[PDB]
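Enquirer: Below is my_file.pdb; it holds PDB, N, CA and C atoms.
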ATOM      1  N   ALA A 269      -9.323 -22.312 -22.544
ATOM      2  CA  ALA A 269     -10.314 -22.338 -21.412
ATOM      3  C   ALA A 269     -11.445 -23.400 -21.511
ATOM      4  N   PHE A 270     -12.687 -22.909 -21.665
ATOM      5  CA  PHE A 270     -13.827 -23.719 -22.123
ATOM      6  C   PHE A 270     -14.283 -24.832 -21.146
ATOM      7  N   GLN A 271     -13.788 -24.865 -19.913
ATOM      8  CA  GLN A 271     -14.230 -25.990 -19.066
ATOM      9  C   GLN A 271     -15.724 -25.939 -18.664
ATOM     10  N   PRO A 272     -16.338 -27.109 -18.458
ATOM     11  CA  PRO A 272     -17.745 -27.199 -18.110
ATOM     12  C   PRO A 272     -18.151 -26.350 -16.938
ATOM     13  N   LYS A 273     -19.441 -26.081 -16.892
ATOM     14  CA  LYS A 273     -19.943 -24.941 -16.157
ATOM     15  C   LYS A 273     -20.715 -25.524 -14.990
ATOM     16  N   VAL A 274     -20.477 -25.065 -13.762
ATOM     17  CA  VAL A 274     -21.444 -25.370 -12.720
ATOM     18  C   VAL A 274     -22.737 -24.606 -13.036
ATOM     19  N   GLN A 275     -23.855 -25.328 -13.124
ATOM     20  CA  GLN A 275     -25.170 -24.683 -13.256
ATOM     21  C   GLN A 275     -25.822 -24.469 -11.900
ATOM     22  N   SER A 276     -26.738 -23.488 -11.791
ATOM     23  CA  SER A 276     -27.443 -23.167 -10.538
ATOM     24  C   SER A 276     -28.909 -22.929 -10.801
ATOM     25  N   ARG A 277     -29.733 -23.114  -9.773
ATOM     26  CA  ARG A 277     -31.153 -22.779  -9.846
ATOM     27  C   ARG A 277     -31.661 -22.556  -8.403
ATOM     28  N   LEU A 278     -32.877 -22.020  -8.261
ATOM     29  CA  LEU A 278     -33.457 -21.560  -6.990
ATOM     30  C   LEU A 278     -34.731 -22.379  -6.823
ATOM     31  N   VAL A 279     -34.938 -23.101  -5.709
ATOM     32  CA  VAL A 279     -36.145 -23.930  -5.667
ATOM     33  C   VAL A 279     -36.982 -23.533  -4.478
ATOM     34  N   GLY A 280     -38.303 -23.775  -4.575
ATOM     35  CA  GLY A 280     -39.245 -23.530  -3.473
ATOM     36  C   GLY A 280     -39.550 -22.053  -3.262
ATOM     37  N   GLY A 281     -39.161 -21.182  -4.177
ATOM     38  CA  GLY A 281     -39.477 -19.751  -3.958
ATOM     39  C   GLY A 281     -40.996 -19.526  -3.922
ATOM     40  N   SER A 282     -41.433 -18.446  -3.277
ATOM     41  CA  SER A 282     -42.744 -17.881  -3.620
ATOM     42  C   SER A 282     -42.789 -17.155  -4.974
ATOM     43  N   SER A 283     -41.661 -17.115  -5.684
ATOM     44  CA  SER A 283     -41.570 -16.794  -7.119
ATOM     45  C   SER A 283     -40.350 -17.477  -7.787
ATOM     46  N   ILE A 284     -40.175 -17.295  -9.098
ATOM     47  CA  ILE A 284     -39.032 -17.979  -9.709
ATOM     48  C   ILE A 284     -37.683 -17.265  -9.465
ATOM     49  N   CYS A 285     -37.709 -16.026  -8.968
ATOM     50  CA  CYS A 285     -36.497 -15.234  -8.646
ATOM     51  C   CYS A 285     -36.026 -15.290  -7.181
ATOM     52  N   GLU A 286     -36.539 -16.272  -6.459
ATOM     53  CA  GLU A 286     -36.061 -16.494  -5.087
ATOM     54  C   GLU A 286     -36.129 -17.966  -4.741
ATOM     55  N   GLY A 287     -35.335 -18.375  -3.756
ATOM     56  CA  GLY A 287     -35.494 -19.801  -3.398
ATOM     57  C   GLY A 287     -34.160 -20.345  -2.882
ATOM     58  N   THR A 288     -34.119 -21.626  -2.590
ATOM     59  CA  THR A 288     -32.916 -22.234  -1.982
ATOM     60  C   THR A 288     -32.006 -22.613  -3.138
ATOM     61  N   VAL A 289     -30.705 -22.365  -3.008
ATOM     62  CA  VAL A 289     -29.839 -22.487  -4.187
ATOM     63  C   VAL A 289     -29.492 -23.960  -4.376
ATOM     64  N   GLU A 290     -29.679 -24.453  -5.586
ATOM     65  CA  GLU A 290     -29.185 -25.794  -5.948
ATOM     66  C   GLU A 290     -28.213 -25.674  -7.103
ATOM     67  N   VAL A 291     -27.317 -26.653  -7.171
ATOM     68  CA  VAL A 291     -26.323 -26.649  -8.224
ATOM     69  C   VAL A 291     -26.270 -28.067  -8.806
ATOM     70  N   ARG A 292     -25.690 -28.169  -9.992
ATOM     71  CA  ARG A 292     -25.463 -29.462 -10.662
ATOM     72  C   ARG A 292     -24.180 -29.257 -11.498
ATOM     73  N   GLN A 293     -23.367 -30.286 -11.632
ATOM     74  CA  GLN A 293     -22.303 -30.155 -12.648
ATOM     75  C   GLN A 293     -22.109 -31.497 -13.348
ATOM     76  N   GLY A 294     -22.940 -31.819 -14.323
ATOM     77  CA  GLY A 294     -22.774 -33.095 -14.989
ATOM     78  C   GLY A 294     -23.552 -34.340 -14.563
ATOM     79  N   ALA A 295     -24.124 -34.398 -13.360
ATOM     80  CA  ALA A 295     -25.461 -33.871 -13.088
ATOM     81  C   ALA A 295     -25.995 -34.614 -11.900
ATOM     82  N   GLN A 296     -27.297 -34.604 -11.676
ATOM     83  CA  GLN A 296     -27.832 -34.630 -10.279
ATOM     84  C   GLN A 296     -27.799 -33.196  -9.683
ATOM     85  N   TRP A 297     -28.983 -32.613  -9.541
ATOM     86  CA  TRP A 297     -29.197 -31.401  -8.746
ATOM     87  C   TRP A 297     -29.106 -31.653  -7.255
ATOM     88  N   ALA A 298     -28.438 -30.781  -6.499
ATOM     89  CA  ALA A 298     -28.509 -30.935  -5.023
ATOM     90  C   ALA A 298     -28.340 -29.564  -4.405
ATOM     91  N   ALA A 299     -28.666 -29.433  -3.140
ATOM     92  CA  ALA A 299     -28.553 -28.115  -2.509
ATOM     93  C   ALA A 299     -27.062 -27.778  -2.532
ATOM     94  N   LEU A 300     -26.748 -26.498  -2.712
ATOM     95  CA  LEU A 300     -25.389 -26.027  -2.558
ATOM     96  C   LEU A 300     -25.077 -25.833  -1.061
ATOM     97  N   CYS A 301     -23.997 -26.441  -0.555
ATOM     98  CA  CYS A 301     -23.472 -26.201   0.793
ATOM     99  C   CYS A 301     -22.549 -25.001   0.645
ATOM    100  N   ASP A 302     -22.714 -24.003   1.495
ATOM    101  CA  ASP A 302     -21.752 -22.930   1.440
ATOM    102  C   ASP A 302     -21.050 -22.841   2.800
ATOM    103  N   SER A 303     -19.712 -22.840   2.833
ATOM    104  CA  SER A 303     -18.951 -22.915   4.099
ATOM    105  C   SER A 303     -18.111 -21.674   4.372
ATOM    106  N   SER A 304     -18.391 -20.573   3.664
ATOM    107  CA  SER A 304     -17.809 -19.278   3.994
ATOM    108  C   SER A 304     -18.113 -18.855   5.451
ATOM    109  N   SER A 305     -17.171 -18.153   6.090
ATOM    110  CA  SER A 305     -17.415 -17.666   7.480
ATOM    111  C   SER A 305     -17.915 -16.214   7.572
ATOM    112  N   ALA A 306     -17.299 -15.293   6.839
ATOM    113  CA  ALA A 306     -17.978 -14.032   6.538
ATOM    114  C   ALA A 306     -19.048 -14.252   5.464
ATOM    115  N   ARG A 307     -20.166 -13.541   5.581
ATOM    116  CA  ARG A 307     -21.176 -13.623   4.570
ATOM    117  C   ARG A 307     -20.891 -12.569   3.520
ATOM    118  N   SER A 308     -20.857 -12.988   2.254
ATOM    119  CA  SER A 308     -20.590 -12.122   1.111
ATOM    120  C   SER A 308     -21.704 -12.266   0.070
ATOM    121  N   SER A 309     -21.998 -11.190  -0.656
ATOM    122  CA  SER A 309     -23.122 -11.267  -1.548
ATOM    123  C   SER A 309     -22.603 -11.631  -2.951
ATOM    124  N   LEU A 310     -21.302 -11.803  -3.079
ATOM    125  CA  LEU A 310     -20.656 -12.103  -4.369
ATOM    126  C   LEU A 310     -21.180 -13.333  -5.177
ATOM    127  N   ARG A 311     -21.340 -14.483  -4.525
ATOM    128  CA  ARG A 311     -21.881 -15.662  -5.193
ATOM    129  C   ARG A 311     -23.339 -15.464  -5.592
ATOM    130  N   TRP A 312     -24.148 -14.830  -4.734
ATOM    131  CA  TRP A 312     -25.592 -14.764  -4.876
ATOM    132  C   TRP A 312     -25.947 -13.757  -5.966
ATOM    133  N   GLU A 313     -25.063 -12.799  -6.208
ATOM    134  CA  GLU A 313     -25.237 -11.839  -7.303
ATOM    135  C   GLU A 313     -25.007 -12.587  -8.620
ATOM    136  N   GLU A 314     -23.945 -13.374  -8.695
ATOM    137  CA  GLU A 314     -23.762 -14.282  -9.800
ATOM    138  C   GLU A 314     -24.939 -15.258 -10.044
ATOM    139  N   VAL A 315     -25.397 -15.968  -9.009
ATOM    140  CA  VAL A 315     -26.536 -16.849  -9.130
ATOM    141  C   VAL A 315     -27.791 -16.070  -9.662
ATOM    142  N   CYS A 316     -28.195 -14.983  -9.011
ATOM    143  CA  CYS A 316     -29.332 -14.157  -9.486
ATOM    144  C   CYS A 316     -29.187 -13.730 -10.964
ATOM    145  N   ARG A 317     -28.023 -13.244 -11.344
ATOM    146  CA  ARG A 317     -27.861 -12.830 -12.738
ATOM    147  C   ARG A 317     -27.991 -14.015 -13.690
ATOM    148  N   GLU A 318     -27.454 -15.164 -13.283
ATOM    149  CA  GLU A 318     -27.506 -16.358 -14.123
ATOM    150  C   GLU A 318     -28.931 -16.858 -14.269
ATOM    151  N   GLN A 319     -29.760 -16.686 -13.221
ATOM    152  CA  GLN A 319     -31.189 -17.031 -13.329
ATOM    153  C   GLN A 319     -31.890 -15.975 -14.202
ATOM    154  N   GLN A 320     -31.176 -14.952 -14.696
ATOM    155  CA  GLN A 320     -31.886 -13.801 -15.309
ATOM    156  C   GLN A 320     -32.878 -13.149 -14.349
ATOM    157  N   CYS A 321     -32.444 -12.872 -13.121
ATOM    158  CA  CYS A 321     -33.448 -12.414 -12.162
ATOM    159  C   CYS A 321     -32.865 -11.140 -11.636
ATOM    160  N   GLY A 322     -31.845 -10.616 -12.307
ATOM    161  CA  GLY A 322     -31.327  -9.318 -11.906
ATOM    162  C   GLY A 322     -30.346  -9.481 -10.762
ATOM    163  N   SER A 323     -30.240  -8.439  -9.928
ATOM    164  CA  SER A 323     -29.328  -8.440  -8.786
ATOM    165  C   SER A 323     -29.787  -9.270  -7.591
ATOM    166  N   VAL A 324     -28.886  -9.579  -6.660
ATOM    167  CA  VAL A 324     -29.415 -10.150  -5.414
ATOM    168  C   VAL A 324     -29.978  -9.047  -4.452
ATOM    169  N   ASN A 325     -31.213  -9.197  -3.944
ATOM    170  CA  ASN A 325     -31.760  -8.264  -2.924
ATOM    171  C   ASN A 325     -31.331  -8.671  -1.525
ATOM    172  N   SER A 326     -31.587  -9.921  -1.140
ATOM    173  CA  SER A 326     -31.075 -10.436   0.127
ATOM    174  C   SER A 326     -30.712 -11.946   0.044
ATOM    175  N   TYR A 327     -30.010 -12.448   1.070
ATOM    176  CA  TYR A 327     -29.806 -13.877   1.201
ATOM    177  C   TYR A 327     -29.748 -14.265   2.672
ATOM    178  N   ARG A 328     -30.076 -15.516   3.003
ATOM    179  CA  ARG A 328     -29.955 -16.021   4.392
ATOM    180  C   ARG A 328     -29.469 -17.491   4.399
ATOM    181  N   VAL A 329     -28.828 -17.939   5.487
ATOM    182  CA  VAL A 329     -28.465 -19.340   5.595
ATOM    183  C   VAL A 329     -29.516 -20.276   6.158
ATOM    184  N   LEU A 330     -29.534 -21.540   5.736
ATOM    185  CA  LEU A 330     -30.545 -22.505   6.155
ATOM    186  C   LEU A 330     -29.735 -23.620   6.783
ATOM    187  N   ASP A 331     -30.367 -24.465   7.594
ATOM    188  CA  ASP A 331     -29.763 -25.702   8.093
ATOM    189  C   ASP A 331     -28.497 -25.518   8.938
ATOM    190  N   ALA A 332     -28.275 -24.318   9.462
ATOM    191  CA  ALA A 332     -27.121 -24.150  10.362
ATOM    192  C   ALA A 332     -27.206 -25.186  11.521
ATOM    193  N   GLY A 333     -26.086 -25.867  11.769
ATOM    194  CA  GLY A 333     -25.924 -26.835  12.880
ATOM    195  C   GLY A 333     -26.642 -28.184  12.762
ATOM    196  N   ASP A 334     -27.062 -28.564  11.561
ATOM    197  CA  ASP A 334     -27.696 -29.843  11.314
ATOM    198  C   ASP A 334     -26.636 -30.734  10.760
ATOM    199  N   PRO A 335     -26.207 -31.700  11.580
ATOM    200  CA  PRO A 335     -25.141 -32.607  11.201
ATOM    201  C   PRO A 335     -25.637 -33.522  10.151
ATOM    202  N   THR A 336     -26.949 -33.642  10.001
ATOM    203  CA  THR A 336     -27.425 -34.547   8.959
ATOM    204  C   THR A 336     -27.666 -33.890   7.587
ATOM    205  N   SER A 337     -27.428 -32.585   7.361
ATOM    206  CA  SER A 337     -27.798 -32.114   6.004
ATOM    207  C   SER A 337     -26.675 -32.431   5.027
ATOM    208  N   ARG A 338     -27.026 -32.533   3.745
ATOM    209  CA  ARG A 338     -26.130 -33.066   2.748
ATOM    210  C   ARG A 338     -26.364 -32.162   1.541
ATOM    211  N   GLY A 339     -25.350 -31.942   0.722
ATOM    212  CA  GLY A 339     -25.591 -31.388  -0.595
ATOM    213  C   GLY A 339     -24.235 -31.285  -1.291
ATOM    214  N   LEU A 340     -24.035 -30.306  -2.186
ATOM    215  CA  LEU A 340     -22.820 -30.313  -3.019
ATOM    216  C   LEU A 340     -22.020 -29.022  -2.759
ATOM    217  N   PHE A 341     -20.695 -29.140  -2.781
ATOM    218  CA  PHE A 341     -19.810 -28.147  -2.255
ATOM    219  C   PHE A 341     -18.879 -27.635  -3.374
ATOM    220  N   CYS A 342     -18.694 -26.329  -3.518
ATOM    221  CA  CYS A 342     -17.721 -25.768  -4.484
ATOM    222  C   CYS A 342     -16.576 -25.037  -3.732
ATOM    223  N   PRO A 343     -15.335 -25.525  -3.863
ATOM    224  CA  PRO A 343     -14.254 -24.934  -3.071
ATOM    225  C   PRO A 343     -13.677 -23.649  -3.611
ATOM    226  N   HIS A 344     -14.372 -22.919  -4.466
ATOM    227  CA  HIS A 344     -13.820 -21.646  -4.919
ATOM    228  C   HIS A 344     -14.760 -20.523  -4.666
ATOM    229  N   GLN A 345     -14.259 -19.299  -4.743
ATOM    230  CA  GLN A 345     -15.063 -18.134  -4.389
ATOM    231  C   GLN A 345     -16.376 -18.059  -5.175
ATOM    232  N   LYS A 346     -16.297 -18.311  -6.481
ATOM    233  CA  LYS A 346     -17.438 -18.089  -7.356
ATOM    234  C   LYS A 346     -17.718 -19.425  -7.995
ATOM    235  N   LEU A 347     -19.003 -19.729  -8.093
ATOM    236  CA  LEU A 347     -19.422 -20.965  -8.717
ATOM    237  C   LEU A 347     -18.877 -21.033 -10.139
ATOM    238  N   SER A 348     -18.800 -19.881 -10.797
ATOM    239  CA  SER A 348     -18.273 -19.830 -12.148
ATOM    240  C   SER A 348     -16.781 -20.099 -12.202
ATOM    241  N   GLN A 349     -16.144 -20.369 -11.048
ATOM    242  CA  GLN A 349     -14.711 -20.711 -10.957
ATOM    243  C   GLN A 349     -14.641 -22.173 -10.676
ATOM    244  N   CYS A 350     -15.771 -22.811 -10.352
ATOM    245  CA  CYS A 350     -15.744 -24.261 -10.101
ATOM    246  C   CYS A 350     -15.956 -25.006 -11.424
ATOM    247  N   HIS A 351     -15.372 -26.179 -11.537
ATOM    248  CA  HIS A 351     -15.576 -26.986 -12.723
ATOM    249  C   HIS A 351     -15.832 -28.366 -12.180
ATOM    250  N   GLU A 352     -16.116 -28.428 -10.891
ATOM    251  CA  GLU A 352     -16.263 -29.720 -10.234
ATOM    252  C   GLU A 352     -16.849 -29.539  -8.817
ATOM    253  N   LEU A 353     -17.731 -30.457  -8.396
ATOM    254  CA  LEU A 353     -18.489 -30.280  -7.143
ATOM    255  C   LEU A 353     -18.141 -31.480  -6.286
ATOM    256  N   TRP A 354     -18.020 -31.337  -4.970
ATOM    257  CA  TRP A 354     -17.808 -32.459  -4.087
ATOM    258  C   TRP A 354     -19.054 -32.667  -3.193
ATOM    259  N   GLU A 355     -19.343 -33.911  -2.830
ATOM    260  CA  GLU A 355     -20.352 -34.227  -1.845
ATOM    261  C   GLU A 355     -19.961 -33.766  -0.458
ATOM    262  N   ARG A 356     -20.854 -33.035   0.196
ATOM    263  CA  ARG A 356     -20.680 -32.867   1.625
ATOM    264  C   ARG A 356     -21.856 -33.554   2.315
ATOM    265  N   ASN A 357     -21.548 -34.505   3.190
ATOM    266  CA  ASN A 357     -22.564 -35.470   3.606
ATOM    267  C   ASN A 357     -22.983 -35.254   5.040
ATOM    268  N   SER A 358     -22.446 -34.197   5.649
ATOM    269  CA  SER A 358     -22.891 -33.736   6.944
ATOM    270  C   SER A 358     -22.607 -32.237   7.062
ATOM    271  N   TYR A 359     -23.319 -31.575   7.953
ATOM    272  CA  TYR A 359     -23.126 -30.156   8.166
ATOM    273  C   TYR A 359     -23.196 -29.347   6.846
ATOM    274  N   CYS A 360     -24.187 -29.594   6.000
ATOM    275  CA  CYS A 360     -24.323 -28.735   4.812
ATOM    276  C   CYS A 360     -25.140 -27.519   5.220
ATOM    277  N   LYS A 361     -24.540 -26.334   5.325
ATOM    278  CA  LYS A 361     -25.301 -25.127   5.385
ATOM    279  C   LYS A 361     -25.666 -24.641   3.977
ATOM    280  N   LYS A 362     -26.952 -24.482   3.769
ATOM    281  CA  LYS A 362     -27.517 -23.989   2.506
ATOM    282  C   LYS A 362     -27.884 -22.494   2.489
ATOM    283  N   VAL A 363     -28.406 -21.990   1.373
ATOM    284  CA  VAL A 363     -28.627 -20.557   1.257
ATOM    285  C   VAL A 363     -29.916 -20.358   0.532
ATOM    286  N   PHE A 364     -30.737 -19.501   1.126
ATOM    287  CA  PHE A 364     -31.955 -19.058   0.483
ATOM    288  C   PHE A 364     -31.621 -17.680  -0.089
ATOM    289  N   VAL A 365     -31.944 -17.443  -1.356
ATOM    290  CA  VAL A 365     -31.529 -16.172  -1.992
ATOM    291  C   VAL A 365     -32.768 -15.449  -2.505
ATOM    292  N   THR A 366     -32.824 -14.125  -2.368
ATOM    293  CA  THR A 366     -34.001 -13.379  -2.938
ATOM    294  C   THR A 366     -33.487 -12.410  -3.977
ATOM    295  N   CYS A 367     -33.923 -12.538  -5.212
ATOM    296  CA  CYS A 367     -33.322 -11.743  -6.279
ATOM    297  C   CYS A 367     -34.220 -10.510  -6.487
ATOM    298  N   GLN A 368     -33.718  -9.543  -7.260
ATOM    299  CA  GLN A 368     -34.465  -8.367  -7.760
ATOM    300  C   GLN A 368     -35.600  -8.676  -8.735
ATOM    301  N   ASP A 369     -35.290  -9.392  -9.812
ATOM    302  CA  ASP A 369     -36.089  -9.552 -11.050
ATOM    303  C   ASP A 369     -35.535  -8.971 -12.373
TER     304      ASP A 369
END
Mind turning this structure into structure tokens?

Expert:
Amino acid sequence: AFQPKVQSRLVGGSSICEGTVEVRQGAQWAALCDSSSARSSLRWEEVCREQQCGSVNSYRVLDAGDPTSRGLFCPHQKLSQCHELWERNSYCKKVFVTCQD
């Protein structure tokens, strides 16, 4: 196994356990684009736990319908299943996540 790890962090929160999700894999931090059609709390529970911030309490989407937003895209269900990130250079929908603590 042992493949490199997509890292995640939350920026701009009113605390360190909430904020807009960014990812890096080898590096350059950028907003995570999420292109799921049903909303699932599965990724955000992983992100919150990885921040050591406990469970996810809520999440919301940002930048819906902005053809100019850009960030980095993971084509698998869980970030911990990605070992590689692609640029998405238009229509990046991002996610603001609020963790437990």

Enquirer: Identify, on the basis of all atoms listed in the file, every residue whose closest approach to residue 330 (chain A) does not exceed 5 Å; exclude the query and any residue fewer than 6 positions from it along the same chain; express the result as a list in words.

Expert: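 Selected residues are residues 361, 362 and 363 of chain A.
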
Enquirer: Please compute the CA of residue 356 (chain A)-atom N of residue 339 (chain A) distance, one decimal, in Å.

Expert: 4.8 Å

Enquirer: For this structure, which residues satisfy the selection - the PyMOL selection byres ((chain A and resi 336) around 8) - when it is evaluated on the file as given? I want them as a tab-separated table (two decimals) with N, CA and C atoms, in the frame of the given file.

Expert:
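Okay, this is what ended up in expr_22.tsv:
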chain	number	residue	atom	x	y	z
A	333	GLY	N	-26.09	-25.87	11.77
A	333	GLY	CA	-25.92	-26.84	12.88
A	333	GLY	C	-26.64	-28.18	12.76
A	334	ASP	N	-27.06	-28.56	11.56
A	334	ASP	CA	-27.70	-29.84	11.31
A	334	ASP	C	-26.64	-30.73	10.76
A	335	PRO	N	-26.21	-31.70	11.58
A	335	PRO	CA	-25.14	-32.61	11.20
A	335	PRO	C	-25.64	-33.52	10.15
A	337	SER	N	-27.43	-32.58	7.36
A	337	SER	CA	-27.80	-32.11	6.00
A	337	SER	C	-26.68	-32.43	5.03
A	338	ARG	N	-27.03	-32.53	3.74
A	338	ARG	CA	-26.13	-33.07	2.75
A	338	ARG	C	-26.36	-32.16	1.54
A	339	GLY	N	-25.35	-31.94	0.72
A	339	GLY	CA	-25.59	-31.39	-0.60
A	339	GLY	C	-24.24	-31.28	-1.29
A	356	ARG	N	-20.85	-33.03	0.20
A	356	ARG	CA	-20.68	-32.87	1.62
A	356	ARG	C	-21.86	-33.55	2.32
A	357	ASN	N	-21.55	-34.51	3.19
A	357	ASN	CA	-22.56	-35.47	3.61
A	357	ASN	C	-22.98	-35.25	5.04
A	358	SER	N	-22.45	-34.20	5.65
A	358	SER	CA	-22.89	-33.74	6.94
A	358	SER	C	-22.61	-32.24	7.06
A	359	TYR	N	-23.32	-31.58	7.95
A	359	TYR	CA	-23.13	-30.16	8.17
A	359	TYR	C	-23.20	-29.35	6.85
A	360	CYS	N	-24.19	-29.59	6.00
A	360	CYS	CA	-24.32	-28.74	4.81
A	360	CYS	C	-25.14	-27.52	5.22

Enquirer: May I have the residues within 7 Å of residue 325 (chain A) as an mmCIF file with N, CA and C atoms, keeping the file's coordinate frame, using only C-alpha atoms and disregarding those fewer than 3 positions away in the same chain?

Expert:
data_model
loop_
_atom_site.group_PDB
_atom_site.id
_atom_site.type_symbol
_atom_site.label_atom_id
_atom_site.label_comp_id
_atom_site.auth_asym_id
_atom_site.auth_seq_id
_atom_site.Cartn_x
_atom_site.Cartn_y
_atom_site.Cartn_z
ATOM 1 N N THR A 366 -32.824 -14.125 -2.368
ATOM 2 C CA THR A 366 -34.001 -13.379 -2.938
ATOM 3 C C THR A 366 -33.487 -12.410 -3.977
ATOM 4 N N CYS A 367 -33.923 -12.538 -5.212
ATOM 5 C CA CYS A 367 -33.322 -11.743 -6.279
ATOM 6 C C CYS A 367 -34.220 -10.510 -6.487
ATOM 7 N N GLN A 368 -33.718 -9.543 -7.260
ATOM 8 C CA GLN A 368 -34.465 -8.367 -7.760
ATOM 9 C C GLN A 368 -35.600 -8.676 -8.735
#

Enquirer: Find the distance between atom C of residue 365 (chain A) and atom C of residue 289 (chain A) and write it in Å to one decimal.

Expert: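 That distance, rounded to one decimal, is 9.3 Å.
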
Enquirer: Given 3 Å of margin on each side, can you work out the centre and size in Å (one decimal) of an axis-aligned box holding every listed atom of region 332-344 of chain A, as lines of an AutoDock Vina configuration file?

Expert:
center_x = -21.0
center_y = -27.5
center_z = 4.0
size_x = 20.6
size_y = 20.0
size_z = 23.8

Enquirer: Between atom C of residue 295 (chain A) and atom C of residue 315 (chain A), what is the distance, to one decimal in Å?

Expert: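 Answer for the atom C of residue 295 (chain A) to atom C of residue 315 (chain A) separation: 18.8 Å.
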
Enquirer: Taking the chain letters and numbering used in this document, name the residues of chain A that DSSP puts in alpha helix (DSSP H), as a PyMOL selection string.

Expert: chain A and resi 310-318

Enquirer: Once you have the residues from the selection above, write them out as a PDB file, in the frame of the given file, restricted to N, CA and C atoms.

Expert:
ATOM      1  N   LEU A 310     -21.302 -11.803  -3.079  1.00  0.00           N
ATOM      2  CA  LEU A 310     -20.656 -12.103  -4.369  1.00  0.00           C
ATOM      3  C   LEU A 310     -21.180 -13.333  -5.177  1.00  0.00           C
ATOM      4  N   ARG A 311     -21.340 -14.483  -4.525  1.00  0.00           N
ATOM      5  CA  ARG A 311     -21.881 -15.662  -5.193  1.00  0.00           C
ATOM      6  C   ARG A 311     -23.339 -15.464  -5.592  1.00  0.00           C
ATOM      7  N   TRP A 312     -24.148 -14.830  -4.734  1.00  0.00           N
ATOM      8  CA  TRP A 312     -25.592 -14.764  -4.876  1.00  0.00           C
ATOM      9  C   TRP A 312     -25.947 -13.757  -5.966  1.00  0.00           C
ATOM     10  N   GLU A 313     -25.063 -12.799  -6.208  1.00  0.00           N
ATOM     11  CA  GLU A 313     -25.237 -11.839  -7.303  1.00  0.00           C
ATOM     12  C   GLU A 313     -25.007 -12.587  -8.620  1.00  0.00           C
ATOM     13  N   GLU A 314     -23.945 -13.374  -8.695  1.00  0.00           N
ATOM     14  CA  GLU A 314     -23.762 -14.282  -9.800  1.00  0.00           C
ATOM     15  C   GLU A 314     -24.939 -15.258 -10.044  1.00  0.00           C
ATOM     16  N   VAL A 315     -25.397 -15.968  -9.009  1.00  0.00           N
ATOM     17  CA  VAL A 315     -26.536 -16.849  -9.130  1.00  0.00           C
ATOM     18  C   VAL A 315     -27.791 -16.070  -9.662  1.00  0.00           C
ATOM     19  N   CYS A 316     -28.195 -14.983  -9.011  1.00  0.00           N
ATOM     20  CA  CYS A 316     -29.332 -14.157  -9.486  1.00  0.00           C
ATOM     21  C   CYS A 316     -29.187 -13.730 -10.964  1.00  0.00           C
ATOM     22  N   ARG A 317     -28.023 -13.244 -11.344  1.00  0.00           N
ATOM     23  CA  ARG A 317     -27.861 -12.830 -12.738  1.00  0.00           C
ATOM     24  C   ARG A 317     -27.991 -14.015 -13.690  1.00  0.00           C
ATOM     25  N   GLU A 318     -27.454 -15.164 -13.283  1.00  0.00           N
ATOM     26  CA  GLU A 318     -27.506 -16.358 -14.123  1.00  0.00           C
ATOM     27  C   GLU A 318     -28.931 -16.858 -14.269  1.00  0.00           C
TER      28      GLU A 318
END

Enquirer: Give the strand (DSSP E or B) residues of region 295-347 of chain A, as DSSP finds them on the backbone, and put them as a tab-separated table (two decimals) with N, CA and C atoms, in the coordinates of the input.

Expert:
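Result went into states12.tsv, see below:
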chain	number	residue	atom	x	y	z
A	298	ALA	N	-28.44	-30.78	-6.50
A	298	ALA	CA	-28.51	-30.94	-5.02
A	298	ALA	C	-28.34	-29.56	-4.40
A	299	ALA	N	-28.67	-29.43	-3.14
A	299	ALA	CA	-28.55	-28.12	-2.51
A	299	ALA	C	-27.06	-27.78	-2.53
A	300	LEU	N	-26.75	-26.50	-2.71
A	300	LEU	CA	-25.39	-26.03	-2.56
A	300	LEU	C	-25.08	-25.83	-1.06
A	301	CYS	N	-24.00	-26.44	-0.56
A	301	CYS	CA	-23.47	-26.20	0.79
A	301	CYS	C	-22.55	-25.00	0.64
A	324	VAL	N	-28.89	-9.58	-6.66
A	324	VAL	CA	-29.42	-10.15	-5.41
A	324	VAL	C	-29.98	-9.05	-4.45
A	325	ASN	N	-31.21	-9.20	-3.94
A	325	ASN	CA	-31.76	-8.26	-2.92
A	325	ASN	C	-31.33	-8.67	-1.52
A	326	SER	N	-31.59	-9.92	-1.14
A	326	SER	CA	-31.08	-10.44	0.13
A	326	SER	C	-30.71	-11.95	0.04
A	327	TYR	N	-30.01	-12.45	1.07
A	327	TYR	CA	-29.81	-13.88	1.20
A	327	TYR	C	-29.75	-14.26	2.67
A	328	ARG	N	-30.08	-15.52	3.00
A	328	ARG	CA	-29.96	-16.02	4.39
A	328	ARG	C	-29.47	-17.49	4.40
A	329	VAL	N	-28.83	-17.94	5.49
A	329	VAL	CA	-28.46	-19.34	5.60
A	329	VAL	C	-29.52	-20.28	6.16
A	330	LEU	N	-29.53	-21.54	5.74
A	330	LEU	CA	-30.54	-22.50	6.16
A	330	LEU	C	-29.74	-23.62	6.78
A	339	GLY	N	-25.35	-31.94	0.72
A	339	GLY	CA	-25.59	-31.39	-0.60
A	339	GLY	C	-24.24	-31.28	-1.29
A	340	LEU	N	-24.04	-30.31	-2.19
A	340	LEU	CA	-22.82	-30.31	-3.02
A	340	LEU	C	-22.02	-29.02	-2.76
A	341	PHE	N	-20.70	-29.14	-2.78
A	341	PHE	CA	-19.81	-28.15	-2.26
A	341	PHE	C	-18.88	-27.64	-3.37

Enquirer: Can you pull out every residue within 6.5 Å of residue 311 (chain A), counting only N, CA and C atoms, but drop anything in the same chain fewer than 5 positions away, and send it as a ChimeraX atom specification?

Expert: /A:316,345-347

Enquirer: Looking at all atoms listed in the file, which of A:340, A:327, A:332, A:322 is the one that sits closest to residue 285 (chain A)?

Expert: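 The closest residue to residue 285 (chain A) is A:322.
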
Enquirer: Which of these, A:314, A:331, A:369, A:364, has the shortest distance to residue 279 (chain A) once you count all atoms listed in the file?

Expert: A:364
